[PDB]
$ cat input_8.pdb   # PDB, C-alpha atoms and all ligand atoms
ATOM      1  CA  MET A   1     112.447  90.704 112.163
ATOM      2  CA  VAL A   2     108.981  89.968 113.492
ATOM      3  CA  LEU A   3     105.895  92.126 113.599
ATOM      4  CA  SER A   4     103.438  91.879 116.447
ATOM      5  CA  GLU A   5      99.799  91.052 115.715
ATOM      6  CA  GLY A   6      98.969  94.674 116.572
ATOM      7  CA  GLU A   7     101.321  95.933 113.831
ATOM      8  CA  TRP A   8      99.832  93.436 111.319
ATOM      9  CA  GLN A   9      96.355  94.674 112.217
ATOM     10  CA  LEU A  10      97.325  98.309 111.427
ATOM     11  CA  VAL A  11      98.779  97.107 108.088
ATOM     12  CA  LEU A  12      95.758  95.014 107.110
ATOM     13  CA  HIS A  13      93.339  97.710 108.245
ATOM     14  CA  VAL A  14      94.666 100.281 105.763
ATOM     15  CA  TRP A  15      95.177  97.544 103.114
ATOM     16  CA  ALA A  16      91.437  96.774 103.306
ATOM     17  CA  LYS A  17      90.789 100.376 102.171
ATOM     18  CA  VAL A  18      93.337 100.093  99.332
ATOM     19  CA  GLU A  19      91.407  96.976  98.147
ATOM     20  CA  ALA A  20      88.270  99.045  97.613
ATOM     21  CA  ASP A  21      90.076 100.474  94.511
ATOM     22  CA  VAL A  22      93.028  98.258  93.508
ATOM     23  CA  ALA A  23      93.511  99.616  89.981
ATOM     24  CA  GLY A  24      93.398 103.265  91.095
ATOM     25  CA  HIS A  25      95.981 102.680  93.834
ATOM     26  CA  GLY A  26      98.191 100.609  91.433
ATOM     27  CA  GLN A  27      98.186 103.481  88.961
ATOM     28  CA  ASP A  28      99.006 106.160  91.581
ATOM     29  CA  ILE A  29     101.839 104.121  93.024
ATOM     30  CA  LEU A  30     103.554 103.317  89.710
ATOM     31  CA  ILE A  31     103.242 106.894  88.517
ATOM     32  CA  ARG A  32     104.648 108.217  91.832
ATOM     33  CA  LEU A  33     107.529 105.772  91.424
ATOM     34  CA  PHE A  34     108.260 106.768  87.787
ATOM     35  CA  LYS A  35     108.017 110.429  88.514
ATOM     36  CA  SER A  36     110.191 110.329  91.618
ATOM     37  CA  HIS A  37     112.795 107.916  90.263
ATOM     38  CA  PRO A  38     112.601 107.950  86.465
ATOM     39  CA  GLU A  39     115.486 105.473  86.158
ATOM     40  CA  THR A  40     113.059 102.781  87.360
ATOM     41  CA  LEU A  41     110.910 103.268  84.262
ATOM     42  CA  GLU A  42     113.792 102.008  82.190
ATOM     43  CA  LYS A  43     113.335  98.522  83.651
ATOM     44  CA  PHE A  44     109.934  98.160  82.067
ATOM     45  CA  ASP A  45     110.444  97.531  78.383
ATOM     46  CA  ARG A  46     106.724  97.604  78.082
ATOM     47  CA  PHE A  47     106.318 101.183  79.470
ATOM     48  CA  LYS A  48     109.639 102.808  78.724
ATOM     49  CA  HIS A  49     108.182 104.955  75.946
ATOM     50  CA  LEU A  50     105.753 106.852  78.175
ATOM     51  CA  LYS A  51     106.896 110.504  78.294
ATOM     52  CA  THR A  52     104.465 112.253  80.605
ATOM     53  CA  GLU A  53     102.177 111.619  83.546
ATOM     54  CA  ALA A  54      99.277 112.115  81.257
ATOM     55  CA  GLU A  55     100.468 109.321  79.013
ATOM     56  CA  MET A  56     100.961 107.118  82.070
ATOM     57  CA  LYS A  57      97.494 107.834  83.335
ATOM     58  CA  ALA A  58      96.002 106.892  80.032
ATOM     59  CA  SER A  59      97.876 103.634  79.607
ATOM     60  CA  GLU A  60      95.524 100.720  80.101
ATOM     61  CA  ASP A  61      98.467  98.355  80.192
ATOM     62  CA  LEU A  62     100.126 100.273  83.005
ATOM     63  CA  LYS A  63      96.944 100.125  85.014
ATOM     64  CA  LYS A  64      96.658  96.369  84.370
ATOM     65  CA  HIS A  65     100.165  95.823  85.656
ATOM     66  CA  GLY A  66      99.482  97.977  88.723
ATOM     67  CA  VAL A  67      96.659  95.572  89.621
ATOM     68  CA  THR A  68      98.942  92.553  89.108
ATOM     69  CA  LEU A  69     101.607  94.186  91.313
ATOM     70  CA  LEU A  70      99.255  95.085  94.151
ATOM     71  CA  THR A  71      97.424  91.787  94.100
ATOM     72  CA  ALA A  72     100.754  89.941  94.580
ATOM     73  CA  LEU A  73     101.818  92.347  97.403
ATOM     74  CA  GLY A  74      98.436  92.022  99.095
ATOM     75  CA  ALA A  75      98.729  88.207  99.044
ATOM     76  CA  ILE A  76     102.097  88.520 100.755
ATOM     77  CA  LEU A  77     100.967  90.948 103.459
ATOM     78  CA  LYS A  78      97.924  88.806 104.312
ATOM     79  CA  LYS A  79     100.338  85.921 105.152
ATOM     80  CA  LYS A  80     101.575  88.021 108.142
ATOM     81  CA  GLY A  81     105.183  87.008 107.747
ATOM     82  CA  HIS A  82     104.567  83.385 106.594
ATOM     83  CA  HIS A  83     105.247  84.206 102.986
ATOM     84  CA  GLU A  84     108.079  81.950 101.992
ATOM     85  CA  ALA A  85     106.137  80.235  99.238
ATOM     86  CA  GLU A  86     104.825  83.448  97.739
ATOM     87  CA  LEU A  87     108.256  85.012  97.771
ATOM     88  CA  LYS A  88     110.058  82.347  95.767
ATOM     89  CA  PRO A  89     108.695  82.853  92.259
ATOM     90  CA  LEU A  90     108.739  86.611  92.788
ATOM     91  CA  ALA A  91     112.340  86.676  93.858
ATOM     92  CA  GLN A  92     113.313  84.397  90.977
ATOM     93  CA  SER A  93     111.755  86.564  88.255
ATOM     94  CA  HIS A  94     112.812  89.905  89.695
ATOM     95  CA  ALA A  95     116.395  88.775  90.227
ATOM     96  CA  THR A  96     116.983  86.686  87.086
ATOM     97  CA  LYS A  97     114.582  87.991  84.486
ATOM     98  CA  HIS A  98     113.816  91.636  85.283
ATOM     99  CA  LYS A  99     117.007  92.377  87.287
ATOM    100  CA  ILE A 100     115.548  94.680  89.926
ATOM    101  CA  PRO A 101     118.057  95.908  92.516
ATOM    102  CA  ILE A 102     117.039  96.036  96.132
ATOM    103  CA  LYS A 103     117.376  99.833  95.906
ATOM    104  CA  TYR A 104     114.389  99.929  93.511
ATOM    105  CA  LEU A 105     112.249  97.890  95.928
ATOM    106  CA  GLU A 106     113.117 100.564  98.499
ATOM    107  CA  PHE A 107     111.959 103.254  95.991
ATOM    108  CA  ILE A 108     108.572 101.545  95.402
ATOM    109  CA  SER A 109     108.174 101.060  99.208
ATOM    110  CA  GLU A 110     108.542 104.858  99.463
ATOM    111  CA  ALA A 111     105.928 105.300  96.720
ATOM    112  CA  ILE A 112     103.470 102.985  98.495
ATOM    113  CA  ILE A 113     103.850 104.875 101.733
ATOM    114  CA  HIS A 114     103.398 108.264  99.984
ATOM    115  CA  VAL A 115     100.200 107.203  98.256
ATOM    116  CA  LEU A 116      98.569 105.624 101.392
ATOM    117  CA  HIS A 117      99.475 108.689 103.320
ATOM    118  CA  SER A 118      97.768 110.957 100.727
ATOM    119  CA  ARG A 119      94.661 108.874 100.245
ATOM    120  CA  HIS A 120      94.085 107.416 103.731
ATOM    121  CA  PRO A 121      95.251 110.016 106.334
ATOM    122  CA  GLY A 122      92.764 108.826 108.888
ATOM    123  CA  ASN A 123      93.926 105.225 108.720
ATOM    124  CA  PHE A 124      97.574 106.002 108.179
ATOM    125  CA  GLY A 125      98.750 107.971 111.192
ATOM    126  CA  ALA A 126     102.294 107.600 112.553
ATOM    127  CA  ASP A 127     101.828 104.212 114.174
ATOM    128  CA  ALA A 128     100.101 102.688 111.085
ATOM    129  CA  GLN A 129     102.848 104.103 108.860
ATOM    130  CA  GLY A 130     105.534 102.662 111.161
ATOM    131  CA  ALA A 131     103.819  99.283 110.947
ATOM    132  CA  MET A 132     103.545  99.428 107.129
ATOM    133  CA  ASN A 133     107.186 100.447 106.916
ATOM    134  CA  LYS A 134     108.144  97.459 109.149
ATOM    135  CA  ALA A 135     106.091  95.118 106.932
ATOM    136  CA  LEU A 136     107.771  96.375 103.734
ATOM    137  CA  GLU A 137     111.224  96.254 105.388
ATOM    138  CA  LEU A 138     110.504  92.591 106.312
ATOM    139  CA  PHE A 139     109.483  91.955 102.684
ATOM    140  CA  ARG A 140     112.718  93.595 101.382
ATOM    141  CA  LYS A 141     114.945  91.716 103.871
ATOM    142  CA  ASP A 142     113.480  88.368 102.929
ATOM    143  CA  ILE A 143     113.610  89.108  99.186
ATOM    144  CA  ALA A 144     117.227  90.261  99.590
ATOM    145  CA  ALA A 145     118.113  86.957 101.302
ATOM    146  CA  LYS A 146     116.510  85.019  98.483
ATOM    147  CA  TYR A 147     118.315  87.134  95.851
ATOM    148  CA  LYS A 148     121.559  86.036  97.513
ATOM    149  CA  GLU A 149     120.637  82.351  97.367
ATOM    150  CA  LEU A 150     119.713  82.822  93.732
ATOM    151  CA  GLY A 151     123.063  84.399  92.902
ATOM    152  CA  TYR A 152     122.038  88.017  92.333
ATOM    153  CA  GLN A 153     122.065  89.962  95.603
ATOM    154  CA  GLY A 154     121.427  93.220  93.768
TER     155      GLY A 154
HETATM  156  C1  LIG B   1     106.051  95.528  95.936
HETATM  157  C2  LIG B   1     107.074  95.096  95.008
HETATM  158  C3  LIG B   1     106.817  94.314  93.797
HETATM  159  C4  LIG B   1     105.877  93.325  93.605
HETATM  160  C5  LIG B   1     105.039  92.605  94.656
HETATM  161  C6  LIG B   1     106.028  93.030  92.103
HETATM  162  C7  LIG B   1     105.261  92.065  91.437
HETATM  163  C8  LIG B   1     105.371  91.726  90.141
HETATM  164  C9  LIG B   1     104.501  90.636  89.616
HETATM  165  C10 LIG B   1     103.451  89.788  90.363
HETATM  166  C11 LIG B   1     104.896  90.578  88.265
HETATM  167  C12 LIG B   1     104.348  89.544  87.173
HETATM  168  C13 LIG B   1     104.981  88.175  87.365
HETATM  169  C14 LIG B   1     106.518  88.180  87.369
HETATM  170  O1  LIG B   1     107.148  88.574  86.373
HETATM  171  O2  LIG B   1     107.072  87.957  88.453
HETATM  172  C15 LIG B   1     105.902  91.597  88.047
HETATM  173  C16 LIG B   1     106.499  91.813  86.812
HETATM  174  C17 LIG B   1     107.527  92.816  86.643
HETATM  175  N1  LIG B   1     108.009  93.611  87.599
HETATM  176 FE1  LIG B   1     107.553  93.692  89.528
HETATM  177  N2  LIG B   1     106.984  93.766  91.500
HETATM  178  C18 LIG B   1     107.472  94.518  92.522
HETATM  179  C19 LIG B   1     108.487  95.531  92.334
HETATM  180  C20 LIG B   1     109.040  95.869  91.021
HETATM  181  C21 LIG B   1     109.914  96.953  90.792
HETATM  182  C22 LIG B   1     110.306  97.956  91.888
HETATM  183  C23 LIG B   1     110.339  96.973  89.469
HETATM  184  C24 LIG B   1     111.162  97.893  88.634
HETATM  185  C25 LIG B   1     111.724  99.160  89.038
HETATM  186  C26 LIG B   1     109.673  95.777  88.904
HETATM  187  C27 LIG B   1     109.734  95.420  87.551
HETATM  188  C28 LIG B   1     108.924  94.435  86.936
HETATM  189  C29 LIG B   1     109.011  94.087  85.527
HETATM  190  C30 LIG B   1     109.972  94.736  84.480
HETATM  191  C31 LIG B   1     108.119  93.147  85.339
HETATM  192  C32 LIG B   1     107.593  92.667  84.030
HETATM  193  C33 LIG B   1     106.500  93.624  83.497
HETATM  194  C34 LIG B   1     105.995  93.234  82.086
HETATM  195  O3  LIG B   1     106.789  93.301  81.141
HETATM  196  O4  LIG B   1     105.155  92.365  82.034
HETATM  197  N3  LIG B   1     108.887  95.114  89.924
HETATM  198  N4  LIG B   1     106.218  92.301  89.215
END

$ encode --input "input_8.pdb" --output "structure tokens" --more "lines below"
Ligand code: HEM
Amino acid sequence: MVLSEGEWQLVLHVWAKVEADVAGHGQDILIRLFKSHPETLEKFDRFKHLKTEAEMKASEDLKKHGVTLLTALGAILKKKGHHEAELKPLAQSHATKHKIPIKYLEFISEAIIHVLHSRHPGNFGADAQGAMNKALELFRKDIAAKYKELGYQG
């Protein structure tokens, strides 16, 4: 698939707001993911033991990882579809080391869209949400193709 420049502008316009607070957004997103789909928490051996949202909010480690996660995603969105190089090491570690099924990348895509919608209503109307969804679907499709080449397709 291919996004138009107008769709990329709607995606990078709301992403510029997310970047004003990367650690806060990283925390909200991971907590929304773990609450909504608790089975995903099991994949993080580092966080597995967190029982409540209050423990999640207070974990400095969790917040550090949320910044690592969003910084990598941001670098991929800013490529505007030319992300082949960025996608390689990410597809290799998530398929071979972490073992993250495509379904879980769909679940965190849902969490990203929920959080931007709650925090940035003015910059995340229907058209901006359709463009962000297209951008994350492109990301998932390309990662899924690489997972296949790597021998995982999960
Ligand atoms: C927007 C999607 C995602 C991005 C851009 C992302 C990015 C990253 C990055 C940059 C790292 C550190 C380097 C590496 O190991 O590759 C990482 C580590 C990891 N990711 Fe992801 N990730 C994504 C989705 C997920 C999802 C959905 C899960 C699990 C349900 C997951 C599980 C993990 C685990 C277990 C690690 C290692 C954490 C720790 O022990 O250090 N990732 N991810």

$ residues_near_point --input "input_8.pdb" --point "(91.1, 106.2, 102.0)" --cutoff "7 Å" --atoms "only C-alpha atoms" --output "list in words"
residues 17, 119 and 120 of chain A

$ resolve_selection --input "input_8.pdb" --expression "the PyMOL selection byres (((chain A and resi 91-93) around 12) and not hetatm)" --output "PyMOL selection string"
chain A and resi 83-90+94-102+105+139-154

$ atom_distance --input "input_8.pdb" --atom1 "atom CA of residue 56 of chain A" --atom2 "atom CA of residue 32 of chain A"
10.5 Å

$ closest_residue --input "input_8.pdb" --among "A:104, A:47, A:34, A:8" --to "ligand LIG 1 (chain B)" --atoms "all atoms listed in the file"
A:104

$ residues_around --input "input_8.pdb" --residues "residue 127 of chain A" --least-positions-apart "3" --cutoff "12 Å" --atoms "all atoms listed in the file" --output "PyMOL selection string"
chain A and resi 6-11+14+117+121-124+130-134

$ closest_residue --input "input_8.pdb" --among "A:67, A:137, A:125, A:44" --to "ligand LIG 1 (chain B)" --atoms "only C-alpha atoms and all ligand atoms"
A:44

$ atom_distance --input "input_8.pdb" --atom1 "atom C30 of ligand LIG 1 (chain B)" --atom2 "atom CA of residue 51 of chain A"
17.2 Å

$ atom_distance --input "input_8.pdb" --atom1 "atom CA of residue 75 of chain A" --atom2 "atom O3 of ligand LIG 1 (chain B)"
20.3 Å

$ residues_around --input "input_8.pdb" --residues "residue 68 of chain A" --least-positions-apart "2" --cutoff "12 Å" --atoms "all atoms listed in the file" --output "count of residues only"
18

$ closest_residue --input "input_8.pdb" --among "A:116, A:50, A:108, A:1" --to "residue 24 of chain A" --atoms "all atoms listed in the file"
A:116

$ axis_aligned_box --input "input_8.pdb" --around "ligand LIG 1 (chain B)" --padding-each-side "3 Å" --output "lines of an AutoDock Vina configuration file"
center_x = 107.6
center_y = 93.6
center_z = 88.5
size_x = 14.3
size_y = 17.2
size_z = 20.8

$ closest_residue --input "input_8.pdb" --among "A:59, A:118, A:4, A:40" --to "ligand LIG 1 (chain B)" --atoms "all atoms listed in the file"
A:40

$ closest_residue --input "input_8.pdb" --among "A:21, A:110, A:28, A:53" --to "ligand LIG 1 (chain B)" --atoms "all atoms listed in the file"
A:110

$ closest_residue --input "input_8.pdb" --among "A:5, A:39, A:19, A:55" --to "ligand LIG 1 (chain B)" --atoms "only C-alpha atoms and all ligand atoms"
A:39
